[PDB]
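Below is one structure, written out as structure tokens; comments come after it.
Cβ placement follows ideal geometry from the backbone for every residue including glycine, while neighbour counts extend to all protein chains displayed. Derivation of every value follows stated rules applied to the coordinates shown; laboratory data play no part.
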Amino acid sequence: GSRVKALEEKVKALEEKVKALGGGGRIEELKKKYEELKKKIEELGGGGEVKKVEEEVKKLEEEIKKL
């Protein structure tokens, strides 16, 4: 998993930015969704699904901008 594992590394790095953006009912809920993201990459065995994971996380940060 030289490509899948790396994917997991980028997702967590973003996680730190979420907790640093604020701290409340909106901020706390946003990060919870992020946890789900980490679990999926772990399940990723090897294929063209890694691309789908990168797109989903992109949405999470987008919400951060709205707030």
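The angle between the Cα long axis of helix 25-43 and the longest principal axis of the Cα atoms of the chain comes to about 10 degrees, rounded to the nearest 10.
With 19 Å as the limit on Cα-Cα distance, the pairs of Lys38/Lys65; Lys31/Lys59; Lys19/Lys52; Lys39/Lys66; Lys33/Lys58 that go past it are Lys38/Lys65; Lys19/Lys52; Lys39/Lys66. Extension gain, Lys38 to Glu15, is 7.3 nm, computed as 0.36 nm per intervening residue step minus the present C-alpha separation.
Just want the answer: with Cβ charges of +1 for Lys and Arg and -1 for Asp and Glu, which residue in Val4, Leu44, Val18 is farthest toward the dipole's positive end in the chain? Looking along the dipole axis, the top candidate is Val18.
Take the alpha carbon gyration tensor of the range 27-67, find the square roots of its eigenvalues, order them as a ≥ b ≥ c, and report rounded if a/c is under 1.5; if not, report prolate when a/b exceeds b/c, else oblate. Write out the running numbers ahead of the final one.
Values: a/c = 6.32, a/b = 1.86, b/c = 3.40.
Oblate shape, in that a/c is at least 1.5 and b/c is the bigger or equal ratio.
What is the fewest-to-most order of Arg26, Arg3 by other Cβ atoms lying within 10 Å of their Cβ?
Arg3, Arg26
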